[PDB]
Each structure stands twice: as C-alpha cells, then as structure tokens.
C-alpha cells in the first residue's frame, strides 16, 4: 500500500437540494455518480515524493434530495515519482479518494439528520 502524507481536506462545494420533480421533468432525473480526478503539483526527484491534488466530484440522489459538490486534498506520495494519474491502480485511486468520500459521508449524515428530522443517512459506496 502507498504511503501518503495528506494536507487538510478542502470542501470546494457541498450542496443539498430538495428534489424538484418539475425540474427533473424538464432536465432529466439526476443520477448518483462519483468521479475522482487529479491535479499534479510536482515531483520532487531528490526526495522521491509526488505531490498531487485528488479531486472528488459527486452527485448523490436519494428520495427527497440530491447532494452534489467537490472535495479535494493535496497528497504527498512518499517514495514514488509519478507522471500521470493513468499510472495509478484502482486500489491507489481508492486510497487517495478515501478521505474525500469520508467528508462527503460526514457532511451528508449531519445535513440529512437535521434537514429530514430523522437519523442521518449513512452513505456506503
């Protein structure tokens, strides 16, 4: 497993929107989707560290609501020079995205618990 020192997660965007069935009728029913992409920062050849920002963009559709947004985090991968994200395995992409999904999971549980006056919705992915 890949060794990573991570900076503080950054919440670019988190939107909670009640579903509007009329909007959906005009623009389509939204579909739950997660996409992890990357912004390369640098390689440090001397240190053998690659710094890259991992970026999670999401739309999560449930009965009453749609949640959408983007979370990101700077990652400093130790003992690894990487030139492009096509070089990451599925496990590695999952590893780099794990803290991002967890922020989404945390925000969603708390927001839904208050908004729907119910126990918070717990996303499993």
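Numbering follows the first chain given and starts at 1.
> Per the entry, where is the mean C-alpha temperature factor higher: 29-37 or 81-89?
Between 81-89 and 29-37, it is 29-37 that shows the higher mean C-alpha B-factor.
> Looking at the C-alpha B-factor of residue 104, is it in the lowest, middle or highest third of its chain?
For residue 104, whose C-alpha B-factor we compare with every modelled residue in the chain, the answer is the lowest third.
> Where does the C-alpha B-factor of residue 74 rank in its chain, lowest, middle or highest third?
It falls in the middle third of the chain.
> Name the third of the chain's ranked CA B-factors that contains residue 115, choosing lowest, middle or highest.
Its C-alpha B-factor, which the entry lists for residue 115, ranks in the middle third among residues of this chain.
> Going by the recorded CA B-factors, say which third of the chain residue 55 sits in, lowest, middle or highest.
Answer is lowest: the recorded C-alpha B-factor places it there.
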